[PDB]
Amino acid sequence: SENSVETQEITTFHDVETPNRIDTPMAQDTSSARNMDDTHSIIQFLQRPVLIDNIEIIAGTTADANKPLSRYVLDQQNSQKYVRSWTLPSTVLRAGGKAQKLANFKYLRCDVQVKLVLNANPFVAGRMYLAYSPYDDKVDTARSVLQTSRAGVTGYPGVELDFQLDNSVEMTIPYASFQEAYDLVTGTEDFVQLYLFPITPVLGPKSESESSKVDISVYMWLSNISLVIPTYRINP
Amino acid sequence: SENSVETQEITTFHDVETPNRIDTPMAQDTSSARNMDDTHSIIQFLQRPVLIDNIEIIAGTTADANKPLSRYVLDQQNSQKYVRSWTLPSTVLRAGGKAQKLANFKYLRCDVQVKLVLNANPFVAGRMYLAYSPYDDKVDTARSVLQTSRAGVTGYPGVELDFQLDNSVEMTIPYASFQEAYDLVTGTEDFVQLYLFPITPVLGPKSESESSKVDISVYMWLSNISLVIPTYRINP
Amino acid sequence: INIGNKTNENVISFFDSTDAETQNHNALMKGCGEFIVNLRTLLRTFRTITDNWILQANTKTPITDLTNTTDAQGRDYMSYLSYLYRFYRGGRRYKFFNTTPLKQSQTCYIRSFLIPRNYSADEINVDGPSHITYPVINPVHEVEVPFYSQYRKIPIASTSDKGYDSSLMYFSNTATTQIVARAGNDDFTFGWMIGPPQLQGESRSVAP
Amino acid sequence: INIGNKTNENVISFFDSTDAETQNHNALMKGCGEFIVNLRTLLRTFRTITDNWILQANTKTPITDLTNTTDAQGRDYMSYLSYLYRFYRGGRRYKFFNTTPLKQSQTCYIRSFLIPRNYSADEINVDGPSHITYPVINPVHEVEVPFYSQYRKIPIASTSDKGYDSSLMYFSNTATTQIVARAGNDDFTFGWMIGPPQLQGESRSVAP
Amino acid sequence: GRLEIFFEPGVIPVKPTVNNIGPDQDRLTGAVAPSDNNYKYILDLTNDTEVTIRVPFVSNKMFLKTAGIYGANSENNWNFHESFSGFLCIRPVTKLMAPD
């Protein structure tokens, strides 16, 4: 009669009395959408793998995709040559429609998974290396992966990427930032910044009209997430 | 070695072997976003009340907001006069940013709550009635609420809306459709269609420059929801 | 006594001789015999919806050429309780009483079939569950449509979807004018109560 | 609902992840180490009240020639918490850091004595509990004034009574400019809380 | 009447001037800044009067700064943003109903 303080998700009210609320006579169950699928939570929804990139290699090669790793890097013009650059988590959040499903939240504590499905013919050899380097375009110039030697590139954490032995890799890129719980509104996140390096050049028969392809693909999804503070904004 | 079939949220893979996956050495906990708020599920997120409409009444009144309920309705030109029309659930889904949080789903089994916070001065009397009518703009003309008499309007389900006795109402509008589990993609949902009728005209002193206001507001949120099938589309 | 308002609901009563439920049994046992309780029981009695339906000879006629007309009036009990409710489930039993000036130079017979709701004449087939009577030996056509629906319940006068439960097609050979009566089957019931619409009285139409 | 008013106090809370007192230990163990609790502990640390105090040679100088000036500013912790309180008890430790261009044709030394508060130079004697340092071998003068009062506690900037507790007299021989730092002794504490006065910000002094 | 107080974490909308920082009520109006997802409290002026709104500390860092408004202007306003974890906001749901 005096105490009407009820609680919604994140919302509380303050009335004089309980305002004479009427409702359903009996809450009988109806159409069977509950019996067709269980409800997917928002921590369950940010664990779906997405098709991000589709990298094709031909050897070849006129392009930069088969320049091998330099044994020495003597100057910043002749930096280390790579394939692609994924600037996590700003790539994994925008793709797959995730950012239009974690809107109206503020802080995030994620761990990015990376999987490489690989599919090449038996008549082609080679080897790559999938290194990640946190703050790789924030730290001073000499400390980045793109300026060190071949022994220094491979010494970074990662996994071997041989063709005939590995058709799938599982790498767990950790929560690797100094700030507690990544900001989203006015976001400049870009903490861990991934790379893909070829160690040996891709090898095939030197006669052409043969089409020695590689066709890498990249899957990423989050893990061990905690999504906490509600807001009204978001970056587009 | 042969059996690599793993399962994500809603996603399965098929490789030759387990592709030599490396991961974190030890998964040590980090920044404390988990300790600041518990994770809000998507069934938890569609239970937040939203400020939809803000209806102000002055008596007055030149406008249609204080034409009382007609005792008889003799012709369709002189239909029943109301305040506002909420065509559920197409109002509650678009507002509050909910539809940009239930994208990439297909079927929904909701129950719409309606609450009216009311705040008027003690020197003003009157009474309203909050009726809902399913398929009110789909059925034939004679069966709608807007064509029946005052005894027929009030005979619909609803709640009294007196000023001095009720500062809050709680109405539970059920899942009231024939189709199992409301469609979302190419949606023409509009099943239950709410109304707000004044029974007596709002009464105050007939001398003006006195400002006899009413200032109703409407809160709506879903309940007992089940959200099941994943798709790639959605309506904008 | 203070300035404010309370609710303090009072169910105060007038004449209090005996309990009400006891006298109603004693009143109907001497005046009725029959004790009408549930309106579900009135959807089992065949009230005549038309008095005359002059059907043109050799035409597969859907009953929706009469049902769209005769659900407006509320003459029977199905269309009079079509206003107090919104949904329905269950099949509709139909009886057809022949009132034709029959002719001996023909052999009159009556067929019946199924169409889904609101289809037209030519856009459906004819091999289905049938029934046949011969009005020389049997003037009554005793037909029950089942409830073969996609949905668990049906609202009245729906949207642009069609063919979502089944109803009757009526085929004859000669120009038979009839009486049509109906009620729901054993498991026909409404639901989802609303308030009732208006009524119409007498229309004597005085000159001034 | 009646015309009137109530109080019905509501301590309603926002974010409620974990207990607050538990996370504050975990936050300081990784960011501080040191866990500051009581403001009584900040009256034990010698914060420098002046950077330069050019004392004229051969003059018995009371520190109240500097204390009346430097209790206004609130630069240290003694005069900054002179605004949140009214009374105080306990003696004031003083340290004197020599910053003089010393000269070899003299033997520089430093004395110290006691006067009761707010007396002038000549109206007190000199035989009392003393201390002496030699700044050629020891640049720091490590002196603690005790709490020798008539009253159990002292309000700030009192009336026309004077000489009601003891403080320092500072005697040298040469024109020694110094640094002076201070805090209260082991049993120095304020009391009788009031509300705080204002603060002063930056004074960049733009032309228009 | 009904009065709403809602939290918002993060950057406060401002107006840098030559010598002071004022808040920006052009961005907190509407229908351009909803209050449907924030933590809120809807007090009632009928008979309820007071409320105490305890706001615990949550913004992505172990400690904020104690600069506040000192030297906060058009030039030097980084420390003002990194010192608060947002703002309460008192805006009315329903307008004040008062007789003459």
# chains A, B, ... in the order shown; residues from 1 in each chain; ligands from 1

call {"tool": "select_by_dssp", "arguments": {"residues": "stretch 44-232 of chain A", "states": "helix (DSSP H, G or I)", "output": "MDAnalysis selection string"}}
result
chainID A and resid 44:45 64:66 95:97 141:143 145:147 150:154

call {"tool": "residues_around", "arguments": {"residues": "stretch 30-36 of chain A", "least_positions_apart": "4", "cutoff": "12 Å", "atoms": "only C-alpha atoms", "output": "PyMOL selection string"}}
result
(chain A and resi 26+40) or (chain B and resi 105-111+174-183+224-230) or (chain C and resi 151-153)

call {"tool": "interface_residues", "arguments": {"of": "chain C", "to": "chain B", "cutoff": "12 Å", "atoms": "only C-alpha atoms", "output": "VMD selection string"}}
result
chain C and resid 3 to 8 68 71 to 74 79 to 89 149 to 161 164 191 to 200

call {"tool": "interface_residues", "arguments": {"of": "chain E", "to": "chain B", "cutoff": "6 Å", "atoms": "only C-alpha atoms", "output": "MDAnalysis selection string"}}
result
chainID E and resid 1 36 97

call {"tool": "write_last_selection", "arguments": {"atoms": "N, CA and C atoms", "output": "tab-separated table (two decimals), in the first residue's frame"}}
result
chain	number	residue	atom	x	y	z
E	1	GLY	N	3.91	14.79	-9.84
E	1	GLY	CA	4.71	14.59	-11.05
E	1	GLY	C	5.58	13.35	-10.96
E	36	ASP	N	16.30	4.82	-22.15
E	36	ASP	CA	15.62	3.53	-22.05
E	36	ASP	C	16.55	2.37	-21.73
E	97	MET	N	2.60	19.44	-12.40
E	97	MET	CA	1.19	19.78	-12.30
E	97	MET	C	0.98	20.56	-11.01

call {"tool": "interface_residues", "arguments": {"of": "chain E", "to": "chain D", "cutoff": "6 Å", "atoms": "only C-alpha atoms", "output": "number ranges by chain"}}
result
E: 47, 51-55, 70

call {"tool": "write_last_selection", "arguments": {"atoms": "C-alpha atoms", "output": "short mmCIF file (atom, residue, chain, number, x, y, z; two decimals), in the first residue's frame"}}
result
data_model
loop_
_atom_site.label_atom_id
_atom_site.label_comp_id
_atom_site.auth_asym_id
_atom_site.auth_seq_id
_atom_site.Cartn_x
_atom_site.Cartn_y
_atom_site.Cartn_z
CA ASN E 47 3.78 11.49 -1.51
CA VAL E 51 15.78 9.32 -2.59
CA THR E 52 19.42 8.33 -2.08
CA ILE E 53 21.10 7.09 -5.25
CA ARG E 54 24.32 5.21 -4.53
CA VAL E 55 26.53 4.96 -7.61
CA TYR E 70 41.44 23.04 -12.41
#

call {"tool": "residues_around", "arguments": {"residues": "residue E:72", "least_positions_apart": "3", "cutoff": "10 Å", "atoms": "only C-alpha atoms", "output": "list in words"}}
result
residues 202 of chain D; 16, 17, 18, 19, 20, 21, 67, 68, 69, 75, 76, 77, 78, 79, 80 and 81 of chain E

call {"tool": "write_last_selection", "arguments": {"atoms": "C-alpha atoms", "output": "compact mmCIF listing (two decimals), in the first residue's frame"}}
result
# COMPACT_ATOMS: atom_id res chain seq x y z
CA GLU D 202 44.91 28.90 -11.46
CA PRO E 16 34.65 24.42 -24.06
CA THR E 17 34.77 28.20 -23.59
CA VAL E 18 37.69 30.63 -23.11
CA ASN E 19 37.76 30.12 -19.32
CA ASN E 20 35.27 27.43 -18.23
CA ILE E 21 33.50 24.25 -19.32
CA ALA E 67 42.21 17.23 -11.41
CA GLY E 68 38.52 17.96 -11.97
CA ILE E 69 37.99 21.54 -13.13
CA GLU E 75 43.13 24.38 -24.37
CA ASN E 76 43.66 21.85 -21.57
CA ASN E 77 40.67 19.53 -21.18
CA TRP E 78 42.00 15.98 -21.19
CA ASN E 79 42.04 15.66 -17.40
CA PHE E 80 38.39 16.69 -17.12
CA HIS E 81 37.27 13.73 -19.24

call {"tool": "decode", "arguments": {"residues": "stretch 51-81 of chain E", "atoms": "N, CA, C and O atoms", "output": "mmCIF file, in the first residue's frame"}}
result
data_model
loop_
_atom_site.group_PDB
_atom_site.id
_atom_site.type_symbol
_atom_site.label_atom_id
_atom_site.label_comp_id
_atom_site.auth_asym_id
_atom_site.auth_seq_id
_atom_site.Cartn_x
_atom_site.Cartn_y
_atom_site.Cartn_z
ATOM 1 N N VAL E 51 15.164 10.538 -2.083
ATOM 2 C CA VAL E 51 15.779 9.322 -2.590
ATOM 3 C C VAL E 51 17.291 9.471 -2.418
ATOM 4 O O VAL E 51 17.820 10.578 -2.525
ATOM 5 N N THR E 52 17.966 8.373 -2.090
ATOM 6 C CA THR E 52 19.420 8.332 -2.080
ATOM 7 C C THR E 52 19.864 7.362 -3.159
ATOM 8 O O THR E 52 19.426 6.215 -3.174
ATOM 9 N N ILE E 53 20.737 7.827 -4.047
ATOM 10 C CA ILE E 53 21.098 7.090 -5.249
ATOM 11 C C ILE E 53 22.585 6.778 -5.193
ATOM 12 O O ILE E 53 23.414 7.570 -5.627
ATOM 13 N N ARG E 54 22.921 5.615 -4.645
ATOM 14 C CA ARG E 54 24.318 5.211 -4.528
ATOM 15 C C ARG E 54 24.828 4.703 -5.869
ATOM 16 O O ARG E 54 24.248 3.793 -6.455
ATOM 17 N N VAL E 55 25.914 5.309 -6.344
ATOM 18 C CA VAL E 55 26.529 4.961 -7.615
ATOM 19 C C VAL E 55 27.917 4.396 -7.335
ATOM 20 O O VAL E 55 28.824 5.141 -6.978
ATOM 21 N N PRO E 56 28.091 3.071 -7.466
ATOM 22 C CA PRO E 56 29.434 2.510 -7.325
ATOM 23 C C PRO E 56 30.358 2.851 -8.487
ATOM 24 O O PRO E 56 29.928 3.432 -9.483
ATOM 25 N N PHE E 57 31.624 2.487 -8.337
ATOM 26 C CA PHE E 57 32.677 2.940 -9.232
ATOM 27 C C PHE E 57 32.947 1.932 -10.347
ATOM 28 O O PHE E 57 33.484 0.851 -10.082
ATOM 29 N N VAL E 58 32.594 2.298 -11.581
ATOM 30 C CA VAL E 58 32.860 1.462 -12.749
ATOM 31 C C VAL E 58 33.253 2.304 -13.960
ATOM 32 O O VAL E 58 32.393 2.892 -14.615
ATOM 33 N N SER E 59 34.557 2.382 -14.220
ATOM 34 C CA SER E 59 35.059 2.816 -15.523
ATOM 35 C C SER E 59 36.473 2.329 -15.775
ATOM 36 O O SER E 59 37.424 2.994 -15.381
ATOM 37 N N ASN E 60 36.578 1.144 -16.381
ATOM 38 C CA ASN E 60 37.766 0.626 -17.104
ATOM 39 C C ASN E 60 39.201 0.954 -16.633
ATOM 40 O O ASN E 60 40.151 0.784 -17.400
ATOM 41 N N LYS E 61 39.348 1.401 -15.390
ATOM 42 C CA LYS E 61 40.631 1.808 -14.819
ATOM 43 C C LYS E 61 40.564 1.562 -13.330
ATOM 44 O O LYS E 61 39.482 1.526 -12.741
ATOM 45 N N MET E 62 41.717 1.441 -12.707
ATOM 46 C CA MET E 62 41.736 1.162 -11.287
ATOM 47 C C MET E 62 41.497 2.429 -10.474
ATOM 48 O O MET E 62 40.894 2.355 -9.411
ATOM 49 N N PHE E 63 41.958 3.578 -10.965
ATOM 50 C CA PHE E 63 41.752 4.856 -10.278
ATOM 51 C C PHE E 63 41.565 5.961 -11.301
ATOM 52 O O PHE E 63 42.234 5.965 -12.328
ATOM 53 N N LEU E 64 40.682 6.912 -11.018
ATOM 54 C CA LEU E 64 40.552 8.106 -11.856
ATOM 55 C C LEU E 64 41.501 9.189 -11.338
ATOM 56 O O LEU E 64 42.336 8.914 -10.481
ATOM 57 N N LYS E 65 41.396 10.403 -11.866
ATOM 58 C CA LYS E 65 42.255 11.505 -11.449
ATOM 59 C C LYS E 65 41.486 12.525 -10.629
ATOM 60 O O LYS E 65 40.263 12.610 -10.709
ATOM 61 N N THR E 66 42.221 13.304 -9.843
ATOM 62 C CA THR E 66 41.627 14.332 -9.000
ATOM 63 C C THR E 66 41.898 15.744 -9.512
ATOM 64 O O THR E 66 41.966 16.686 -8.725
ATOM 65 N N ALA E 67 42.044 15.905 -10.823
ATOM 66 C CA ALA E 67 42.208 17.235 -11.405
ATOM 67 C C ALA E 67 40.879 17.976 -11.361
ATOM 68 O O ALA E 67 40.785 19.072 -10.805
ATOM 69 N N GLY E 68 39.850 17.366 -11.942
ATOM 70 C CA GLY E 68 38.520 17.959 -11.971
ATOM 71 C C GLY E 68 38.446 19.154 -12.905
ATOM 72 O O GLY E 68 38.576 19.001 -14.119
ATOM 73 N N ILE E 69 38.253 20.341 -12.342
ATOM 74 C CA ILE E 69 37.988 21.536 -13.131
ATOM 75 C C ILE E 69 39.169 22.521 -13.159
ATOM 76 O O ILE E 69 39.097 23.556 -13.821
ATOM 77 N N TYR E 70 40.253 22.190 -12.457
ATOM 78 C CA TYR E 70 41.443 23.036 -12.406
ATOM 79 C C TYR E 70 42.107 23.119 -13.778
ATOM 80 O O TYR E 70 42.576 22.112 -14.308
ATOM 81 N N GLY E 71 42.132 24.318 -14.349
ATOM 82 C CA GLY E 71 42.718 24.539 -15.664
ATOM 83 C C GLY E 71 41.941 23.893 -16.797
ATOM 84 O O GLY E 71 42.522 23.550 -17.827
ATOM 85 N N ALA E 72 40.632 23.733 -16.612
ATOM 86 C CA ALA E 72 39.775 23.114 -17.614
ATOM 87 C C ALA E 72 39.195 24.198 -18.516
ATOM 88 O O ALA E 72 38.416 25.035 -18.059
ATOM 89 N N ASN E 73 39.582 24.183 -19.788
ATOM 90 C CA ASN E 73 39.156 25.207 -20.734
ATOM 91 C C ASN E 73 39.230 24.650 -22.159
ATOM 92 O O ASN E 73 39.256 23.431 -22.345
ATOM 93 N N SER E 74 39.222 25.532 -23.154
ATOM 94 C CA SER E 74 39.380 25.140 -24.553
ATOM 95 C C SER E 74 40.724 24.465 -24.845
ATOM 96 O O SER E 74 40.795 23.567 -25.682
ATOM 97 N N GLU E 75 41.774 24.894 -24.145
ATOM 98 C CA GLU E 75 43.125 24.384 -24.368
ATOM 99 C C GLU E 75 43.344 23.024 -23.699
ATOM 100 O O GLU E 75 43.572 22.021 -24.378
ATOM 101 N N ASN E 76 43.265 23.005 -22.369
ATOM 102 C CA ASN E 76 43.661 21.848 -21.567
ATOM 103 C C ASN E 76 42.443 21.168 -20.955
ATOM 104 O O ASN E 76 42.073 21.455 -19.817
ATOM 105 N N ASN E 77 41.821 20.268 -21.706
ATOM 106 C CA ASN E 77 40.673 19.526 -21.184
ATOM 107 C C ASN E 77 40.761 18.033 -21.463
ATOM 108 O O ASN E 77 39.795 17.422 -21.901
ATOM 109 N N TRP E 78 41.918 17.438 -21.203
ATOM 110 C CA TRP E 78 42.005 15.981 -21.187
ATOM 111 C C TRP E 78 41.693 15.431 -19.803
ATOM 112 O O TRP E 78 41.029 14.401 -19.683
ATOM 113 N N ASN E 79 42.193 16.109 -18.773
ATOM 114 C CA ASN E 79 42.035 15.656 -17.395
ATOM 115 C C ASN E 79 40.599 15.733 -16.901
ATOM 116 O O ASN E 79 40.238 15.016 -15.974
ATOM 117 N N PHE E 80 39.788 16.602 -17.498
ATOM 118 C CA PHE E 80 38.387 16.689 -17.122
ATOM 119 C C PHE E 80 37.605 15.470 -17.595
ATOM 120 O O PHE E 80 36.684 15.025 -16.910
ATOM 121 N N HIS E 81 37.959 14.928 -18.754
ATOM 122 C CA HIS E 81 37.275 13.734 -19.245
ATOM 123 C C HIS E 81 37.667 12.487 -18.456
ATOM 124 O O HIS E 81 36.827 11.629 -18.193
#
